[PDB]
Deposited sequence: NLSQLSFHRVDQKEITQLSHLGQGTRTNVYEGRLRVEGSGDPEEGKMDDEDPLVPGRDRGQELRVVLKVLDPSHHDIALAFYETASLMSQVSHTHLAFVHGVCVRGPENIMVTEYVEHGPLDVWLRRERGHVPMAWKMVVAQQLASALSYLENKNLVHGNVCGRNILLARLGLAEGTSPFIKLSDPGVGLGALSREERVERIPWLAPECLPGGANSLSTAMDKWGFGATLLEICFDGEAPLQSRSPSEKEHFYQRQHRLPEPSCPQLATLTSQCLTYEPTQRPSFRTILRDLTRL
């Protein structure tokens, strides 16, 4: 049921460690095709079920195209080792970047990024395909857009190991990006989008970050509302996305409409 390119280990060179993802270590690399800069996502030693969930993500990303979705080149297998080969994006994860640049990222810059992320998720909605890991960490900054007469440009990363295969402990760690219906469909990405807008508004500090797993879990079980930004028109949008009833979240047609005025 899955389709993606098999990458020969001879085709790839591993360079410096960039950090950890869910069950992964991410490295700068080279792919010989020309010697293309890429990232290598090396899966932890894993049960077959996690390996499958990894391949499922490679299959998903290999059959979609959008200018605000990161490219997946394929999967390298090296006996028990699984390596996803994906797009290197120049300025790296947005959450890190916003925390580093805190105090000089204008609202207009943030509204461009919200619009680009909405155009990626509008495309996935129309395809009826779930990302399931929309968050600042998975938004990659291709163009800075701070210089006068420039605009930023983002790429949404592959979601990594499918949410469906992760432990309850890992799902609780992803609150408040995790849709509440996923604690125990594309509607989950509407919640994830809303949480990511708060994260962007708060310069890479998402709500409930300091809170213990039990306190994050109770927040959802009690259906506490997440904070609203002081921009009332953006607050209306985030509050509609962060609605507990999945069927009450707005379409990406409505979201894009609201962001473009």
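Annotation: deposited residues 1 to 3, 37 to 60, 212 to 217, 295 are not represented by C-alpha coordinates in the model.
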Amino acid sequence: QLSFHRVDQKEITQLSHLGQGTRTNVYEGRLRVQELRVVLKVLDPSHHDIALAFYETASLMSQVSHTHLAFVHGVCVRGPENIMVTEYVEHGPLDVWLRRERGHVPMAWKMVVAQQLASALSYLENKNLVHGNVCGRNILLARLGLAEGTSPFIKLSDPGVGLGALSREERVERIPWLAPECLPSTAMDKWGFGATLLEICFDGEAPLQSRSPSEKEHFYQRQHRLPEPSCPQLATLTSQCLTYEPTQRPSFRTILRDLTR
From here on, numbers count along this sequence of modelled residues.
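Throughout, rigid core stands for the largest set of C-alpha atoms superposing within 1.5 Å between the two forms.
Across the superposed structures in 9 other deposited structures of this protein, aligned by the core, the stretch whose Cα atoms lie more distant on average is 75 to 83, chosen from 134 to 142 and 75 to 83. For the pair 194 to 202 and 45 to 53, rigid core superposition yields a higher RMS C-alpha distance in 9 other deposited structures of this protein in 45 to 53. In the comparison with other entries of the same protein, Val33 is left without coordinates in at least one third of those covering both sides of it.
Here 237 to 245 and 11 to 19 are compared by their mean Cα B-factor, and 237 to 245 comes out higher. Look at the C-alpha B-factors of 88 to 96 and of 147 to 155. On average they run higher in 147 to 155.
Take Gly192, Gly29, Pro207, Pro45 and read off each C-alpha B-factor from the entry; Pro207 has the highest.
Out of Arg211, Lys41, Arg37, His68, the entry records its largest CA B-factor for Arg211. Per-chain ranking of the deposited C-alpha B factor places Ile175 in the middle third. Among the modelled residues of the chain, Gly79 sits in the highest third by CA temperature factor in this PDB entry. Ranked by C-alpha B-factor against the other modelled residues of its chain, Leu183 falls in the highest third. Among all modelled residues in its chain, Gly132 ranks in the lowest third by Cα B-factor. Annotation for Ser230: CA B-factor lies in the highest third of the chain's modelled residues.
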